[PDB]
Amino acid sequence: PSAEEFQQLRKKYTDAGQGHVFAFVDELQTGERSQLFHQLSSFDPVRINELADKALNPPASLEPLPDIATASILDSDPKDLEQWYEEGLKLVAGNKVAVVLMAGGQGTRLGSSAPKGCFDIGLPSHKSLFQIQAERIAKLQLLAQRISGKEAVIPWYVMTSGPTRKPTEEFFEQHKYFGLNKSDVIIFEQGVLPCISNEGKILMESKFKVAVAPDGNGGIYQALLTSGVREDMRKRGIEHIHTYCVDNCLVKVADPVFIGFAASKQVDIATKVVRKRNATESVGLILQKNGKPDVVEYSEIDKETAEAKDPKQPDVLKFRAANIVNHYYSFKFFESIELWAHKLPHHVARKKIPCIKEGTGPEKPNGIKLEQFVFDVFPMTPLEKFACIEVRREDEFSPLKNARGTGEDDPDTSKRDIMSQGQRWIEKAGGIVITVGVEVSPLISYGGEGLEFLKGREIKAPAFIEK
């Protein structure tokens, strides 16, 4: 980079009051100077000031969603469920369904060196989360081809962060994309934002590098633009998109009932909830805020509304629609990302951020991280174009939040929930499990179907059913 270019960027950053980022320029080699220039050129210091000022010196009517925006697998006529299943499989057969996997962030509570998706929860098969999810996609394609006689393709768009992108790609490569076609799997990367000190200043990770952090799972939308994923969806004729979080080992990827329901109700956005397990559960709550669909994140709710009770049922929580990060979107919505993505607010968390001030190294929080949330598009959705669908936790939601030996939301509960699901399915089909649980490969059964061959047979738990 030329001296005139470098000087123009230094004036920009200095005039914006961020001139410290050049404080160690005189000590840098050419490579380190080149890095700093390119990194700093990717941010607008003035925009950073505006974000910092909103975050650091910042400036509601809550009810449960109305019954016209809600649904429940429990209250559902089994004929509707069967019809929605069939229409969902028809949409897969028409190559109209895509999956976006949010596999970014860090996964800091589990404390793994690898991307969370790689984690092996200890099933008999030792499949990772990624592989279980990939095989559900493959199975669903197989089921769809049974009705169409033609190839069925659910493209898998896998969003990672800067940190996790390279280990994610190597892993997929080493597993040959889990039997999927690499041309139908796109790994891409969310954006970053610089970390901001408590005094509003950009934090320097090193003498030549700014401390950045991923911009939240709400960064998914803009990243679909700049990565070309949205254009790939358009080329393929995608009309229905399922987005989910990688940490849930029970996730029904591209759930045909969910998608069939959303498409058939012609909603623009849909989302799955489970009954909140208690008042302190670390889950966003889905509700009606100032007349619109909305979510209150567990990190921003007050003890008041989290503890609020149903007027008629004094021991049930008034707000209990727990977000399980399972969203439906009509493709039409993604066509206007340019119009609304920059409207998504920036949520603030105080962080201890390793940085340099004459050498690297922070006891108490020295700055903040900014994040957009994926559910903050819900207030953009008309109530009659929104569906909040209750599902069964024990079939649909088993998150890996914590390291082993926590007690909940950890690898042991994940493994327990998967193998209880398998046993229950096998028992429904007439099999006898002896004994815990049974792992059922997604390639054998996506959601309980195709287990007739186990009828009358005895299975000694633990067991593993594959091809």
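Take the two forms, superpose them, and find the largest set of C-alpha atoms that agree within 1.5 Å; that set is the rigid core. The numbering used is simple: start at 1 and walk along the sequence shown.
Please indicate which stretch deviates more in 5 other deposited structures of this protein: 378-386 or 168-176, judged by C-alpha RMS distance after a core superposition?
This comes out as 378-386, the stretch further from the shown form in 5 other deposited structures of this protein.
Please tell me which region, 222-230 or 147-155, has C-alphas lying farther from the displayed form on average in 5 other deposited structures of this protein, with superposition done on the core.
With the rigid core superposed, the C-alphas that lie farther in 5 other deposited structures of this protein are those of 147-155.
Does the entry skip any residues of the deposited sequence between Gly228 and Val229, and if so, is it 1 to 3, 4 to 9, or 10 or more, or none at all?
Unmodelled stretch: none, continuous chain.
So, looking at the entry's B-factor column for Cα atoms, which has the higher mean, 214-222 or 305-313?
That would be 305-313.
Between 426-434 and 408-416, name whichever shows the higher mean Cα B factor according to the PDB entry.
According to the entry, 426-434 carries the higher average C-alpha B-factor.
Select one of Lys272, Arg350, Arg392, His347: the residue whose C-alpha shows the highest B-factor in the crystal structure entry.
Highest CA B-factor of the listed options: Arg350.
Among the candidates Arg136, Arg234, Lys96, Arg109, give the one with the maximum CA B-factor reported in the record.
Highest CA B-factor of the listed options: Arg109.
Once the chain's modelled residues are ordered by C-alpha B factor and cut into thirds, is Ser398 in the lowest, middle or highest one?
Its C-alpha B-factor belongs to the lowest third of this chain's values.
Which third, lowest, middle or highest, does the C-alpha temperature factor of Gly448 belong to within its own chain?
As the PDB entry reports it, the C-alpha B-factor of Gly448 lands in the lowest third of its chain.
Lowest, middle or highest third: where is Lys207 by Cα B-factor in its chain?
It belongs to the highest third of the chain when residues are ordered by C-alpha B-factor.
Would the CA B-factor of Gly179 place it in the lowest, middle or highest third of its chain?
Middle third of the chain for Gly179's C-alpha B-factor.
Sorting the chain's modelled residues by C-alpha B-factor, tell me whether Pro66 ends up in the lowest, middle or highest third.
For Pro66, the deposited C-alpha B-factor lands in the middle third.
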